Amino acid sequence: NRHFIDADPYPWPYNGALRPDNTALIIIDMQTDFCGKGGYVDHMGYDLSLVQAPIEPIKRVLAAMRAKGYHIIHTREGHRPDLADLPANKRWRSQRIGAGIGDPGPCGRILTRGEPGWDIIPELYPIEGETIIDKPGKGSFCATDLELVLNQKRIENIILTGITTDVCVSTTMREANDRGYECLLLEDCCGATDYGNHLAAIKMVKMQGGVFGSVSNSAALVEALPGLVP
């Protein structure tokens, strides 16, 4: 009994095996550091409106996926307080542009775990039973236990949201896709530091018959989402 979501470039998931037990929502880096005033992204001068746009659409998707018993996953980009997991190059680039990782700012130490700006925003806050991944990189798989958690939960399908589209969401999508996870990007549930770059990251997914998976949007997903009993 297969179920499909209207998507581009093909009906998602590819084989219609869409159930709450094999499908997860992943909300990527909806932190004050990426979309709040005083955080990492605001420091570099980027338009916070572009990364706040996805907040309400992700909320509708989260509420619907929570209600139908789907697996829910959240990620935070961040570093250990002693910065032992912070590559030297990553730190130096952040310092040069005036937004140094580990440096004090209005929301505390930029991109440091346990600091106010680093935490997930209240509107999209995790509840009990939802796995949070704390990652030192852009991709959620690198140096984390995400893949191990996904295997133990026997998850085959991943629906990606969050920020930024072209950096954190996209790297995570490519990692999942390479390892065989079947992925759906929701275009209205993500935003980037450059709007052209946001749209191009979406288009990259559609090439070669869906090279990294397929693309849809929050309304199309929620109107066709299956529950536990069919």
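The first residue of the sequence shown is number 1, and the count goes up from there.
The mean Cα B-factor in the deposited entry runs higher for 216-224 than for the other of 19-27 and 216-224.
When the mean C-alpha temperature factors of 174-182 and 49-57 are read from the deposited coordinates, 49-57 comes out higher. When the Cα B-factors of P116, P81, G137, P87 are read from the PDB record, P116 comes out highest.
The top Cα temperature factor in the record, among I159, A143, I97, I72, falls on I97. Looking at the C-alpha B-factors along this chain, the one for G38 belongs to the highest third.
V169: CA B factor lies in the lowest third for its chain, per the PDB record. Compared with the other modelled residues of the chain, the Cα B-factor recorded for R91 ranks in the middle third.
Placement of the Cα temperature factor of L199 within the chain: lowest third of the modelled residues, per the deposited record. Sorting the modelled residues of the chain by their CA temperature factor places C189 in the highest third.
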